[PDB]
């Protein structure tokens, strides 16, 4: 899983080398940034339900047809509303994992690998998820470098859907 620490180790290992100061600096950078990352991860977790609930409604407001159009890919049934809330919760959970791990690895492995195939197969629109992520970014309530951390991983997900 890609984190600053596993990337540092993997670099040394690919070169058949002991860790050098070059790599220890990278890990120190991660340890220092973790103060902001952990603040963001705790806040997003503490407010996860309101963020998920608000984000789903932002999608339905942007794309009203998702609430009315017939088909199991839409949120026009209780089952589809529950799938959508589940998925949005998955995205938010992955953001918190990236913050905890200090890199994109969790989202890369558990969500982005295969993402295009799943959205095409099940007829899920990437724009729906982009709107949910934009809502989370706008409304997470963070400031300072905690906001910078959260937004980096939210924008990473938006880029992956674009």
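Residue numbers count along the first chain shown, from 1.
Chemist: Would 25 to 33 or 50 to 58 have the larger average of its C-alpha temperature factors, as given in the entry?
Modeler: Of 50 to 58 and 25 to 33, the stretch with the higher C-alpha B-factor average is 25 to 33.
Chemist: For the stretches 126 to 134 and 112 to 120, which has the higher mean C-alpha B-factor as given in the deposited record?
Modeler: According to the entry, 112 to 120 carries the higher average C-alpha B-factor.
Chemist: Would you please rank residue 12 by its C-alpha temperature factor against the other modelled residues of its chain and give the third it falls in: lowest, middle or highest?
Modeler: Residue 12: CA B-factor falls in the highest third of its chain.
Chemist: Name the third of the chain's ranked CA B-factors that contains residue 38, choosing lowest, middle or highest.
Modeler: Its C-alpha B-factor, which the entry lists for residue 38, ranks in the highest third among residues of this chain.
Chemist: Consider only the C-alpha atoms of the modelled residues in this chain, order them by B-factor as the entry records it, and name the third containing residue 146: lowest, middle or highest.
Modeler: Its C-alpha B-factor, which the entry lists for residue 146, ranks in the highest third among residues of this chain.
Chemist: Considering every modelled residue of the chain and its Cα B-factor in the PDB entry, is residue 99 in the lowest, middle or highest third?
Modeler: Middle third by C-alpha B-factor.
Chemist: Among the chain's modelled residues, which third holds the C-alpha B-factor of residue 6?
Modeler: As the PDB entry reports it, the C-alpha B-factor of residue 6 lands in the highest third of its chain.
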